[PDB]
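Here we start with a single chain on its own, the form deposited in one PDB entry, put down as structure tokens.
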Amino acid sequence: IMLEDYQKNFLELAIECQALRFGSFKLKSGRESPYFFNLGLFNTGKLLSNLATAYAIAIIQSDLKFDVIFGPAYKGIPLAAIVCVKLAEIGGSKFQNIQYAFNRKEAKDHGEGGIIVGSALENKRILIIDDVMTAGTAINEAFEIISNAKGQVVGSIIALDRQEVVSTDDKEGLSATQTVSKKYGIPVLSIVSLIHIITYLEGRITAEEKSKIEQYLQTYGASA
């Protein structure tokens, strides 16, 4: 339960800008969650740079080799851009050829056409970047988009691993990130997990929100 420097830095900022919030939220999966992590609150020049640094440190740590960083609409779009920039800035010589890409929700019926903006994906190694993983639906849809574009996914990175199951009916009790990793045979990286949030906020948190967090995790929390 010991946090790394860049994780402590990231979580400190997440609290400051109110990216991490407690209440009542309908997730994309339709789950009623007592907390929500909104990366859209990292919205100053400094916070965006700090956010990009957090991802870049996690990516550098993994020693993963890739050509394009792909961010799915919508949260993934600014993420792909800022992290691509950051990796070329702090990568030294390893990420000097690094490219970015993202998708439109719908194919463009004029201009250059297509759904992919940025780098062409065919025959390139792709890192998928996103904000959070819950049930893993978004990443699976991103995988298909990339597969259809003839790119090869070599990994994924998220800011927050919510440590939830794909479905409550899954027998092994593997988290979404673990399921995706095993399913595609690729590393799934994260800056922090829910466990890091709980252990970091330990020094200054109720004790009433914890009740709702534990109640939510009995339903959706991974056990493996």
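Superpose the two forms; the largest set of C-alphas matching within 1.5 Å is the rigid core. For every residue, the number given is its place in the sequence shown, counted from 1.
Keep in mind the form deposited in another entry is missing from the figure; the text below concerns it.
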property: Core-aligned C-alpha movement of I59 between this form and the one not shown, 2 Å or more; result: no
property: Cα displacement of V68 between this form and the one not shown reaching 2 Å, rigid core superposed; result: no
property: C-alpha of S33 off by 2 Å or more between this form and the one not shown on rigid core; result: yes
